[PDB]
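> Please see the structure below; I have some questions.
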Amino acid sequence: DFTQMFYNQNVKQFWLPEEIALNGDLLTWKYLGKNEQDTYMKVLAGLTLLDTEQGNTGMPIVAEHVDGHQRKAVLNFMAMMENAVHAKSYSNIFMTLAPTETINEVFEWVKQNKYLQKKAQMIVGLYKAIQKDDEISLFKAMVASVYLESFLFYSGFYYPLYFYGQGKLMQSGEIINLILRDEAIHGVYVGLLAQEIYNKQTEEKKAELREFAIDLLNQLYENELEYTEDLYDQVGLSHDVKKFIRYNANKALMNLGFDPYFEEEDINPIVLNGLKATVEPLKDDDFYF
Amino acid sequence: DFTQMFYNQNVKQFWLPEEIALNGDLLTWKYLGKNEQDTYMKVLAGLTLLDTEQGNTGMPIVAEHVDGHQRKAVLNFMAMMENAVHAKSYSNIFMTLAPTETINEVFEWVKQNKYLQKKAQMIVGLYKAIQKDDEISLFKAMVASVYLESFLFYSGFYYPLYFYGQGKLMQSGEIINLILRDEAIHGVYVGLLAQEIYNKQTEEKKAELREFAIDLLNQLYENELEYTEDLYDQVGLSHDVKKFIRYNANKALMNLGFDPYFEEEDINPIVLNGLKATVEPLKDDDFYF
Amino acid sequence: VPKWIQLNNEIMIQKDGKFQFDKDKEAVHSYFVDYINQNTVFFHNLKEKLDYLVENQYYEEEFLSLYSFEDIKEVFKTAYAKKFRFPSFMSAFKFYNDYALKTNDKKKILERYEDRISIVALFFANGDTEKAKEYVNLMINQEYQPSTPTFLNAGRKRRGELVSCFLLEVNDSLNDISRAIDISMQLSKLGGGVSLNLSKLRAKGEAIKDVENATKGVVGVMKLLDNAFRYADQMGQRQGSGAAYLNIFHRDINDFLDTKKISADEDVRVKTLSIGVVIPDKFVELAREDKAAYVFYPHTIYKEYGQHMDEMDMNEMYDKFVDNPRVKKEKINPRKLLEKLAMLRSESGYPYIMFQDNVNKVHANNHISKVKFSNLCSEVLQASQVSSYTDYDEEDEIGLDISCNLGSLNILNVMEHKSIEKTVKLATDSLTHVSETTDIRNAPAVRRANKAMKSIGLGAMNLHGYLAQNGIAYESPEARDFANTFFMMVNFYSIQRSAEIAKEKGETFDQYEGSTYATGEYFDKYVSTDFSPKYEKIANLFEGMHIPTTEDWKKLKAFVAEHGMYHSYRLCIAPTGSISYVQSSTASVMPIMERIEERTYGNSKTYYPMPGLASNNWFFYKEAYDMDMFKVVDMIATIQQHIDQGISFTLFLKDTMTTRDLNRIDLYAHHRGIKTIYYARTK
Amino acid sequence: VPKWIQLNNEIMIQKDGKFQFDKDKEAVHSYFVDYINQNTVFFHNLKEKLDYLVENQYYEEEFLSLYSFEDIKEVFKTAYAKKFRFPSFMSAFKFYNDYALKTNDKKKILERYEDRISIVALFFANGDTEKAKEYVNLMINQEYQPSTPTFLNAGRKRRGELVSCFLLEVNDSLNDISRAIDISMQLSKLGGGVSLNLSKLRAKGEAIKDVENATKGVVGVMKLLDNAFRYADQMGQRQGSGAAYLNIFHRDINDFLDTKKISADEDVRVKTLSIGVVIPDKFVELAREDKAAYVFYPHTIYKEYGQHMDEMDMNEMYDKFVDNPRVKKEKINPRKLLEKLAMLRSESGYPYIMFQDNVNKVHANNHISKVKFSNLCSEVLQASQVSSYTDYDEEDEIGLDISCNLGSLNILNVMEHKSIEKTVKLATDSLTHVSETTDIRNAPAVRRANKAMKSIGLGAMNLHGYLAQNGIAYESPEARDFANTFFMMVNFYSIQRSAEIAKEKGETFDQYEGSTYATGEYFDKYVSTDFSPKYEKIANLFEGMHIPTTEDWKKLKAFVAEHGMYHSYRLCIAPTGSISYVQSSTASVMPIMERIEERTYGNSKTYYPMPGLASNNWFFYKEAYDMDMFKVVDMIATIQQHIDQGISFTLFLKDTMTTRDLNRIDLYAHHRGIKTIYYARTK
Ligand SMILES: Nc1ncnc2c1ncn2[C@@H]1O[C@H](COP(=O)(O)OP(=O)(O)OP(=O)(O)O)[C@@H](O)[C@H]1O
Ligand SMILES: Nc1ncnc2c1ncn2[C@@H]1O[C@H](COP(=O)(O)OP(=O)(O)OP(=O)(O)O)[C@@H](O)[C@H]1O
Ligand SMILES: Cc1cn([C@H]2C[C@H](O)[C@@H](COP(=O)(O)OP(=O)(O)OP(=O)(O)O)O2)c(=O)[nH]c1=O
Ligand SMILES: [Mg+2]
Ligand SMILES: [Mg+2]
Ligand SMILES: [Mn+2]
Ligand SMILES: [Mn+2]
Ligand SMILES: [Mn+2]
Ligand SMILES: [Mn+2]
């Protein structure tokens, strides 16, 4: 009942980072403190890693196991967006704002950062555990994918949105909003596929799947807290970002058909403001009038 | 040396089925004989069936085994074009020209057809034989992929190009020309990835891979001749189609860095109508002798 | 943004659901209060102005020396006594940006509208102060408009030629091809559009000195001509414009047409060379009966018969060519060729279509030659004789190359002044003067044909404007009735003026005695059919003006028999591109493309409503694309029955209609007697 | 595969580690006993053959009518008495594929080598049986070889022109540009390579009658000429080849060069027109001193001084041009321009380099005009006067457009027969006859220059073949000594024959009195310096032949002063591309590119060893690319000191060397007196 409308929405949302000129951010970037620039680079690098794996691994593997040519076409399109559009856009931003050495250093930093490695290990592990014709392993990977789309990106998205909302780094911010618009529909779509599998189960099996989903969310959440503190303490925003990730965790649960898990909190209003011609042959009657 | 350049060329060639209005083809379709309509339907179904294998298996399997983030992104983009753009385009052409019952029957016929099946299963067999961390099996699959993209499609493309060059079925011919333009670049790109593997091999292993490629080409070519007579004898075109197959076989070989196998031949003109030395500054005292 | 541009863009801003058309008038005032008067050079008296313009090599001394200064001052005073005001901003903008004389530094305005009109009138009169005042009253009433070359360059020392339509015949030789390239370059240097007939050139794969498969065909000649026209581009001011015409029975016709396909390679496609196709009635008959046609090798026909393929009547020669074994030919499908023509016109508007028999069944000078091709605008249709340009130190055989003299009547201004006769006769006199004062020293056949034929083209414009401001739909039968009557009167007074000039000067055009004017055949339909309006509304439109009857036409026929006719050709309806803006008129006899046109000049936007457009006549100003092309063809044929040459007839198509509709329009034009089809503009 | 093809391919199959050169001989036998003798057309006697060739429009009957049939029979018997045998398969193959006369359908061979030589000799003699026999003995001994046009076309009805190269001066006007295009097409139709000097044309951004920034520069004329040469391509047999020459001080020199850049856009790139650059000594001096140079606008210089920029000496007028405010100029870096020249020559072999001062410091006819450009092969260096092609109906001022007839001495055969004098005199007579019977009716300046200058080009071939077959390294000082002596002898006997022809005809070339031949200056270095061989081996090589001394040169100088010279120019060393195969000779005076060349014909491949290549002279046949280009420059300068025109000097470069090495070679060539540099061929 939904794939065709998602197909149409995904293809109509198609974009490339080159559509957005980035040289306009040069001055507002220059004006940020060293702490702010550091957090910003690292935040986008963490996002780049997530999209790299979502494009290389997550979306293609889910596409492989989901039945139906139209469902596969949507998932293939989403996969392309992840690595050919989203992951690449971050390099466009980096290449504009930062010198090569700072770019090299931040990519080295992703490799050695323990929270980023842990979250990649956990998410990609679940993708690679999918067994052919085994719907339960597929469900588990789809939960992981929804958590990546609708929860994990948001510790990263906070900062570009926070600046956009203050009228700073607005070209980079425009790119990020386009990425976010895509991930929102990706999270909903994968959520609907996960619910399909969940709804086939016995009540006992469903109870176990909810346990899996909640245990996984809590494990990812605890890691994300440490990641958030590590990045945002130097810019004074860790508590604010934490509220934002809890907000989005609830959206991820809802995408999976589950009740919200965290209590509602006031999000920084700045971040809320951040959101040939046709040919016919000649008939013999066309020669007479 | 080449992936970013191909990335650029691929994304700038992006298109959607909806861009070409198909209904005006009915003004020339109605004037074709039964044999012409039959051949067109059968050719179209042949292309559709082969392209589906490439979208569901060929491109995604190569993307899975190739190392490199940028290569995986380009390959993902190509897989997207197969599944999201090409497949919808073929379906659109069919739905415009034939009623539902006729489409189902043509696909039943072509699905049972000996020559279409032989080539489809030969290609799919090589994709299924790729082994993790074995570059030889990957190379063999890449050869199969290049043969599909740059050679096997062309016994089929001939007919729409033949009409397109005559002013008939111009809307669907425009679509086919866009598809063909994508398959050409797909073949060239996968060809470069195959040459990379080939160049890492010993001289004995190279000779062995050359023998594999030529042997495979021979098997496919002999089946193409039979496929060609089966479809095109009823419309009197087989001689010229055979010249077009050999010409495209030579392009496929050149994509794989190999010499042409067949002598140069001229192609049907209707189908054609459808289709540094080191700079060193003068140091003075070079003017005196 | 300047104030006048804001006042002009305020037109689109709708007040009470209506366009602010009157605001345009205010814009004109601003354009004169803020810009034109500030940048207009003023002198203490006209004597100082004339001395400054003559001394600084702006004007010519010869034409001003024919008058005393008192007469020139009187002519200027007559021009300024009208107190002419441009009714729309675009009229004044186009005049002062394209036609008004500017200093060498292009920052000051030396000529006003009255100054330019007075200078052109003094040039026209050639020493007659009363005639100059008559011309000034004609042009300041905007009844007659000299063409862009004549209007812009008359009386100016730094100028091109006053003729910009040139038709060249190219003979089948390397010497003739090189001479054609040279003449095309020289005429493009003069600022003229050059049309070349390539039908006499032998096709690709023909023999040169009895060696086989040697000729490159007409496509190589087209490449040479395209390079020549790119090189000669009015000293780097405008893009060099040229046209090539090929008969549809020439074998190269496909390759010819292939020069305009987008898929054509760089060695095949010509970009600055327009193409036109001449379609004899035989091709239309073959396509109609679906019989397969033959495209012939011209050199084999020339060897067999001693005459070029385009020099004989294909209707009686086609069967003999086909049955002749010594004539080489290739099988083609005429319906496929027609579909290819329609497809090419849909893609790019090319080629121009010339219906040879439609032109030649009413051609008055078939004895001199049959009309084999048209001009760059596909409205000049005259007899031409090819020239034999031999080797060096050998006398050339100079033929006739067409070069007619353009000038357009403003139908609205002419008819509201009830001065069809006076305007037509004065325009004929001015065109005769400009033809007599034209001397081209690098085009021998053009000069010879200008001296001999004395052919002029008197066109008309503001037909749709006049009809819309009078509550008449362009497609209505009343509009065709008005066009019939008006252009019959135009033809009558043009013939009368030509005969009067022949009687006064005692000379006719060369080979007039063989023309249908001399034999009286031309007047047949005029001495038997009454062209008075059949509708009361059109008759009331013509009130106050004598409409020539059959007796008047008989008297004119007798007068022509006794005295002859000075001009071989008199009337041709040119597109009238930019002069229609200055005259505040719709272009040519074509229907308007848009009611309000949006243009971009510099980095500013401007809005030109069609002249006289308002809420009351908004519906009558129907756009050309919304119109039925069959009724446009009917109107153009109604006009063409009174025009000796052709009419620049652009087809206006919607993107929805296919090549079958285009072919149907072309075939209905052929059936209705349309001589030429200019363009296929798709909306 | 044919038997002779297998025998020729058997050369590379080594036996006992050595090439099977003798197999080549076997191939020729096969090629004659299986193909040539079977494909030849035999008649009962010579009378039937001559009649069949005359009535079937193969031969011109006029030149054969000057002899009785007994004399023609005697000439043919003299040709066949030598029993000439082709020593290599490729010699016979090249003759019978490119020069032997075939039937209309090209299925049979009508002309043998002896038949072709007899016909050419009978054409040369012009009715003299003894002279015809002398020419037969000269050509059958292969001492002298007429150029490809003369050898291929002499005495043929379907022939083209016997002149190989034509040089045109293009004046700065549209009429002159169009005439140059026409003449280029006419001469390419005749089969000759056309070179055009574009240095008089004003640069881009110049004024055409007071409207500035109007000219397209030399690039637009280049595009026009490129299209003209593409169109006129010898009836589609041989691609039309043209050359454009521009002075390095022309403002367009960069854009000129940009026509040959591999990254050039289609609107600038020119692909069928070779480019040459004329470099005065002033440019080399500026580059040497690293002082920024100035390129000039020709039209400003012409306006200020009344003469063209290339019409006067830049070495004395460059400072006046720079200090003149009325002359427009642009700043350039001469060293950067030299590096651009080197890069362009590395990439594509263009431009040709003409050292103007090197040409004009020894030019004998500077009074008539300085040499401002060269031909398509960059070996013709003659005075030319530009023509003033005016408007139609106006008389044109016809200048002098260079044209000379080519003919090459086979150095090995000439020295083996010890007949330098006789061969040189007979070749001079044959070239004089070719000039006299040449009459071009569409190139007036070429015709006038042929009639007045009477210039001929007597080249030489098989220099490297003779040196390698005599155990002399081409780079050795002994080889340069041999070249000095041999070409001094050639110059001496050419001057003697020219003076004898002037005496026997009582006429010299036009304006001979102002030449250095008349004043005796030309003979200065010949009456003070002895050019006898300095090495005993070379003197032994010249044994049996009287080497002219200073006394003989003084006598020749007195003889010239008394009688004058018939030819303005006598010696020019052409590349001699394909006719060197027939003569079994190395191409021109250039060193061999390769010892054995593999050429693909049809679907077969053939190997041509260099003439006389064997085990004992393998290393004497050193490949040109392996040679020091400085010593090749030394050889070419040594030859050039005795050649009045230029030598087609191709540079043979390795891929490893840089553009700096190419610039060093060019500067050493300029230092050593090299007049022109032909090509930069990279291995
Ligand atoms: N619409 C217009 N078309 C042409 N010229 C105009 C126009 N409007 C103003 N001008 C020029 O500006 C001048 C000023 O005209 P304005 O409307 O102010 O009053 P006026 O009574 O015509 O003035 P004047 O004393 O100049 O005759 C005119 O004489 C004329 O030269
Ligand atoms: N290398 C060659 N060059 C030119 N002509 C050749 C050559 N080889 C053979 N021929 C021609 O083919 C003929 C074959 O004869 P061949 O040379 O074998 O010797 P032959 O029969 O003894 O007579 P002869 O040598 O006296 O002509 C020759 O007479 C000659 O006309
Ligand atoms: C007509 C024309 C000339 N030219 C250039 C090429 C010629 O070398 C140069 C001279 O043209 P000319 O034929 O000499 O023009 P002209 O005599 O009318 O102008 P002037 O009195 O100044 O000589 O102008 C163009 O580049 N494009 C053109 O269209
Ligand atoms: Mg001829
Ligand atoms: Mg001039
Ligand atoms: Mn993403
Ligand atoms: Mn996503
Ligand atoms: Mn596909
Ligand atoms: Mn593909």
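Here, residue 1 is simply the first one shown, and the rest follow in order.
Header entry for method reads electron microscopy, 4.2 Å.
Including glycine, each Cβ sits where the backbone N, Cα and C put it.
Pulled from Swiss-Prot, these are the listed features:
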BINDING   A:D51, A:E82, A:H86  Fe cation 1 binding site
BINDING   A:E82, A:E149, A:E183, A:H186  Fe cation 2 binding site
ACT_SITE  A:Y90  active site
> Specify the nearest of the recorded positions A:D51, A:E82, A:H86, A:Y90 to A:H186 (Fe cation 2 binding site), where nearness means the distance between Cα atoms.
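In terms of Cα distance, A:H186 (Fe cation 2 binding site) lies closest to A:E82.
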> I want the residues beyond A:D51, A:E82, A:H86 whose C-beta is within 8 angstroms of the mean position of the Fe cation 1 site's C-beta atoms, in chain order.
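So the additional residues around the site are A:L50, A:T52, A:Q54, A:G55, A:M81, A:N83, A:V85, A:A87, A:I179.
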> With 18 residues left out of the model, how far is A:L275 from A:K276 at the Cα, in Å?
43
> For A:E149 (Fe cation 2 binding site), which of the recorded positions A:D51, A:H86, A:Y90 has the nearest Cα in space?
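In terms of Cα distance, A:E149 (Fe cation 2 binding site) lies closest to A:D51.
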> Do you know which of the binding-site residues A:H86, A:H186 has the most other C-beta atoms within 10 angstroms of its C-beta?
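By the 10 Å Cβ neighbour count, A:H186 comes out on top.
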> Distance check, please: Cα of A:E183 (Fe cation 2 binding site) against Cα of A:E82 (Fe cation 1 binding site), rounded to an integer number of angstrom.
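Here the two Cα atoms lie 9 Å apart.
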> What is the number of other Cβ atoms found within 10 Å of the Cβ of the residue listed as 'active site'?
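A count of 25.
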> Using the Cβ centroid of A:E82, A:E149, A:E183, A:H186 as the reference point for the Fe cation 2 site, which residues of the same chain not in that list have Cβ within 8 Å?
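Nearby residues not in the site list: A:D51, A:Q54, A:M78, A:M81, A:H86, A:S145, A:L148, A:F153, A:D182, A:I185, A:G187, A:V190.
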> Relative to the Cβ of A:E82 (Fe cation 1 binding site), which residues of the same chain, six or more apart in sequence, are found under 8 Å away?
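Expected: A:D51, A:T52, A:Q54, A:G55, A:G58, A:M59.
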> Provide the number of Cβ atoms within 10 Å of the Cβ of A:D51 (Fe cation 1 binding site), excluding the reference atom itself.
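By my count, 25.
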> Comparing the binding-site residues A:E149, A:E183, which residue's C-beta has the most other C-beta atoms within 10 angstroms in this structure?
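Of the binding-site residues A:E149, A:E183, the most buried by Cβ count within 10 Å is A:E149.
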> Should we count any of the recorded positions A:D51, A:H86, A:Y90, A:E149, A:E183, A:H186 as near ligand 7, judged by a CB under 6 A from one of its atoms, and which?
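Result: A:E149, A:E183, A:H186.
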> Consider only the binding-site residues A:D51, A:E82, A:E149, A:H186: which of them have a Cβ under 6 Å from an atom of ligand 6? Write none if no residue does.
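A:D51, A:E82, by Cβ distance under 6 Å.
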